[PDB]
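For the protein sequence lines, the chains are A and B, in the order given.
Position one of the first sequence corresponds to residue 960 (my numbering), numbered consecutively onward.
Position one of the second sequence corresponds to residue 260 (my numbering), numbered consecutively onward.
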Amino acid sequence: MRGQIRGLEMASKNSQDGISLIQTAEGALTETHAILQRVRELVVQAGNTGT
Amino acid sequence: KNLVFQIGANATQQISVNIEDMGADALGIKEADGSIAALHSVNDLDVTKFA
């Protein structure tokens, strides 16, 4: 039991650490995405306003 | 030099416009004929040849 208990404590630890990794990459990709919104703004302008 | 106007946020959503006018562009028979059809606008044949 205690072997598993302690393993579950370290499991919770490892999973929370998983979450930390996730949210790191998550926020980074959110910012990336926001850039890409700006990019498409610049694409539509980089329709040259036509000519 | 197609006077394109990219407007639509989606691709290919463009407007094609045409410029062709100018002082030498008067009677566009097909193009400028010569002393007539364009160059009366430019050179003004009514000098003394008219008399």
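C-beta: ideal position from N, C-alpha, C; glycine also.
Would you say residue i reaches chain B, if we count a Cβ-Cβ gap shorter than 8 Å as a contact?
{"i": "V1003 of chain A", "result": "yes"}
{"i": "residue 1073 of chain A", "result": "Any answer about residue 1073 of chain A is impossible in this case: the structure gives chain A only from 960 up to 1010."}
{"i": "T983 of chain A", "result": "no"}
{"i": "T1010 of chain A", "result": "yes"}
{"i": "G966 of chain A", "result": "no"}
{"i": "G962 of chain A", "result": "no"}
{"i": "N973 of chain A", "result": "no"}
{"i": "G977 of chain A", "result": "no"}
Whole angstroms is fine: what's the gap from residue i's alpha carbon to residue j's?
{"i": "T1010 of chain A", "j": "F264 of chain B", "result": "6 Å"}
{"i": "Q1004 of chain A", "j": "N261 of chain B", "result": "18 Å"}
{"i": "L298 of chain B", "j": "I278 of chain B", "result": "20 Å"}
{"i": "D280 of chain B", "j": "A984 of chain A", "result": "57 Å"}
{"i": "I295 of chain B", "j": "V1002 of chain A", "result": "48 Å"}
{"i": "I274 of chain B", "j": "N1007 of chain A", "result": "12 Å"}
{"i": "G966 of chain A", "j": "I994 of chain A", "result": "42 Å"}
{"i": "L980 of chain A", "j": "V276 of chain B", "result": "53 Å"}
Compare the C-beta of residue i with all C-beta atoms of chain A and state if any pair is closer than 8 Å.
{"i": "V306 of chain B", "result": "no"}
{"i": "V263 of chain B", "result": "yes"}
{"i": "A296 of chain B", "result": "no"}
{"i": "residue 233 of chain B", "result": "Any question about residue 233 of chain B goes unanswered here, given that chain B covers just 260 to 310."}
Could you name the residues that DSSP lists as bridge partners for residue i?
{"i": "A296 of chain B", "result": "B:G293"}
{"i": "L988 of chain A", "result": "For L988 of chain A, which the question treats as bridged, DSSP gives no partner whatsoever."}
{"i": "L262 of chain B", "result": "B:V276"}
How about residue i and residue j: do their beta carbons lie closer than 8 Å?
{"i": "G282 of chain B", "j": "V301 of chain B", "result": "yes"}
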